[PDB]
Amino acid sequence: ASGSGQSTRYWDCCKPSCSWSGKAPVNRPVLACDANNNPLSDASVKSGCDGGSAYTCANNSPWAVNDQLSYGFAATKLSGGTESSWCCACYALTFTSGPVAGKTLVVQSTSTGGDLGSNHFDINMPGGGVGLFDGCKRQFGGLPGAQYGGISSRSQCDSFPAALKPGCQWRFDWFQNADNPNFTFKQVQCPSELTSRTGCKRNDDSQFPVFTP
């Protein structure tokens, strides 16, 4: 898949939808975590957003490699696709608007986003907003910030759980607090940096081009 799309930001702490078995042709589904960021090899644990105890791992956070390139994660809803075609796929995003215009973010899809424009990427970042399901309230008592869009000042990251602070600050640092920047995207082979965090690699990963930083 390739094309253009709109971005939002989120972190709801819920078990990612690609953490369920049988969703896509993969070696294994995305690792969810317990409330203390220990990975759950058992894909049957119920989502903390449904009264269970499985949450998004803190390592599903974005980070910068250099001033031009970051790696991270997103919830995707793509024209012509299904969960079976995007779960655990990677995509190189090139931003086309906002202060980050021209920068590159390579993401792995770990969940399904909502319909928003032609190709929505809901980009993971702690403190970007829980939205509809406040899993973080159950995981550790909640994150600060607006329901949609999350926190508004960088200092609000200071009270986050330790493992969520780097991703929280990335939003204000490399990402320049960009507000829903647009992008073009291309599906690519997943960098090992991403699959080593989620443990999930698509059987069709090699059908797509290698990403070159």
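Residue numbers run from 1 along the displayed sequence.
When 96-104 is weighed against 127-135, 96-104 comes out higher, by mean CA B-factor as recorded in the entry. According to the PDB record, 113-121 carries the higher mean C-alpha B-factor of the two stretches 113-121 and 82-90. Of the candidates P39, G51, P62, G150, the deposited coordinates give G51 the top C-alpha B factor. Taking the deposited Cα B-factors for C168, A32, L69, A146, the highest one is held by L69. When all modelled residues of the chain are sorted by CA temperature factor, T195 is found within the middle third. Remark: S21 belongs to the highest third of its chain, ranked by C-alpha B-factor as recorded. The PDB entry assigns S44 a C-alpha temperature factor belonging to the middle third of its chain's modelled residues. In this PDB entry, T56 carries a Cα temperature factor that places it within the lowest third of its chain's modelled residues. Per the deposited record, the Cα B-factor of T212 falls in the highest third when ranked against the other modelled residues of its chain.
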